[PDB]
Amino acid sequence: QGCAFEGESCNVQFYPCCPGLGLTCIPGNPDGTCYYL
């Protein structure tokens, strides 16, 4: 139901990383942590 910021848990179905911020969801399989590149 939203998007995640750096350092926050992500899930590619429910809570992808918020865009425009360099964030990748690692590992994102489907869960990860939003990491800055």
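Calculation criteria
Residues numbered from 1 in each chain as written, not as in the entry; some residues may be left out. Heavy atoms only, no water. Residues with missing side-chain atoms left out of burial classes, pairs and counts. Core = buried A, V, L, I, M, F, W, Y, C linked by side-chain atoms within 4.5 Å. Buried < 20%, exposed > 50% of the residue type's maximum accessible area, 1.4 Å probe, protein only. Contact = heavy atoms within 4.5 Å. Pairing = 2+ DSSP bridges. Helix = DSSP H or I, 4+ residues; strand = E, 2+ residues; numbered from the N terminus. Disulfide = S-S within 2.5 Å.

For this deposited structure, the header cites X-ray crystallography as the method used and 0.87 Å as the resolution.

Description of the nonpolar core
Among soluble globular proteins, nonpolar side chains are generally buried collectively. Ranked by size, the top nonpolar core spans 6 residues in total: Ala4, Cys10, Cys17, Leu23, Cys25 and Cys34. Apart from residues lying up to four places away in sequence, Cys34 is in contact with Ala4, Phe5, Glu6, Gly7, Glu8, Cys10, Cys17, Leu23 and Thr24.

Structural notes on the pairing of strand β2 (residues 23-27)
Note that β2 and strand β3 (residues 31-36) share 5 bridges and pair antiparallel. Residue pairing in the sheet places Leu23 in a bridge with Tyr36 of β3. Counted between consecutive antiparallel strands, the loop separating β2 from β3 contains 3 residues, among which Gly28 sits at a positive phi close to 70°.

Some thoughts on the state of the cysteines
The tally for this structure, following the rule as stated, stands at 3 disulfides. Each sulfur of the disulfide joining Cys10 and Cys25 lies 2.0 Å from the other. Across the S-S bond of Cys10 and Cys25 the torsion is about 100°, and the bridge reads as right-handed. Of this pair, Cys10 sits in strand β1 (residues 9-11) while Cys25 sits in strand β2, and the two are 15 residues apart along the sequence. Between the sulfur atoms of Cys17 and its disulfide partner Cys34 the distance amounts to 2.0 Å. Sign of the S-S torsion, about -105° for the bond between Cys17 and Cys34, identifies this disulfide as left-handed. Within this pair, whereas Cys17 is found in the loop between β1 and β2, its partner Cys34 is found in strand β3, the two being separated by 17 residues in sequence. The class for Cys17 is buried, based on a relative accessible area of 13%. Sequence-ordered numbering of the disulfide-bonded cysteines in the protein gives the connectivity 1-4, 2-5, 3-6.

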